[PDB]
């Protein structure tokens, strides 16, 4: 419990002022610990970032992939996955962890590729079964990911559009009745 709290706090600080502009002393004080206490849990800044990103992938698999991987119809699977990814970004409890994850290298890269593989497989199946307009599966996957992963840069919760309207509109754009 104390460790995940450290990752969440560090992630919030890193998102506010960026990686270079965040010190381990800043992170320690934000966690109500001494710098020595922080280093009991983490080895240095580079490992902290790795830990944040791995925790991010865990959270994503639990809250997005776990829920959709058993949907057999590939366009239903895509539609649910896109809606879950959007709502993760706008409603999630660890938004800054997720931002760092998509914004040791080889270990995280291979984990991220599992999601790209999943999307490409579904676009492939949906295209083949006549449930979506044909498209190259990679073009589909990365259009999907670009639409969802950009949200945090523009979306203002106090603005006109609601996050449910964004989810409905986005899904309807890529995956209309076809």
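Positions refer to the first chain, counted from 1.
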Seminar exercise, completed: According to the PDB record, deposited residues with no modelled atoms between residue 103 and residue 104 number 4 to 9
Exercise. Comparing 65-73 with 140-148, where is the mean C-alpha B-factor higher?
Worked result: 65-73
Seminar exercise, completed: Avg C-alpha B-factor, entry values, 117-125 vs 35-43, higher side is 35-43
Exercise. Hey, what third does residue 10 fall into on Cα B-factor, ranked over its chain?
Worked result: middle
Exercise. Sorting the chain's CA B-factors, does residue 29 end up in the lowest, middle or highest third?
Worked result: highest
For this session: Could you tell me which third, lowest, middle or highest, the C-alpha B-factor of residue 19 occupies within its chain?
Result: highest
For this session: Determine, from the deposited record, the chain-internal third of the Cα B-factor for residue 176: lowest, middle or highest.
Result: middle
Exercise. Among the modelled residues of its chain, does the C-alpha B-factor of residue 108 lie in the lowest, middle or highest third?
Worked result: highest
